[PDB]
Each structure stands twice: as C-alpha cells, then as structure tokens.
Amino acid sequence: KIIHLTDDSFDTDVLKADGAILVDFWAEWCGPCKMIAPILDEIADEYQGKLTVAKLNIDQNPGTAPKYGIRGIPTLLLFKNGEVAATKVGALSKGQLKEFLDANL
C-alpha cells in the first residue's frame, strides 16, 4: 500500500497530493533504514485513509533529497499541501512513529 516514488513523479505524487503524505528517504546501505522499513509497511495499513506512505530511494533518485537538505537517513518528511509539515530523522519505533503521526495529523 506504500507508494514508490521517483524524482520525476515526486512533484505530482507529493507536492500536489493534497492530503498528508509521509515520505521516507532511504538507501539500501543504511542500517537504520532497514530497521524502519517494516514499521512503515504496517503504518501504511493502519493509517490508510488519513495518511499516504511513500518512499524515495536516494540512490535511484538523487535529485529530490538535496532540495530538502537531507543530512541523515532514514529521513521522515510529513507533507501537507506541498508544504513540509514536520520532519524527523532516525529509525523511530512503531510506537514513536504513531506518536509522531497522530500528533501532526
């Protein structure tokens, strides 16, 4: 149920998605990124309806992250109407993510 983004589809799928979109900037070679991956799969379901979960692999899509000053991964950006509503970096836990989401949704 997660959306796999690309540099060319990021503008319309995120910035013009109209609704809350949680973007996870990751890389196959990051320990923390592999940790939070399963958490995201479950979050995608539970929050289905009030939240869309999308992922952007910074290796395959090197053009988007820079625009957002990515300094560490995994980076979790919560977009709402083309605007970054909230940002959080680190492999949060299922609970911590839910906490972060419910507080910004």
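Quick note: we count residues from 1 along the sequence shown, nothing fancier.
Relative to its counterpart among 20-28 and 78-86, 78-86 has the higher mean temperature factor, C-alpha atoms as listed in the PDB entry. If you average the C-alpha B-factors over 9-17 and over 92-100, the higher value belongs to 92-100. The residue among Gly49, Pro38, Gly69, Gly72 whose C-alpha carries the highest B-factor in the deposited model is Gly49. When the modelled residues of the chain are ordered by C-alpha B-factor, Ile2 sits in the middle third.
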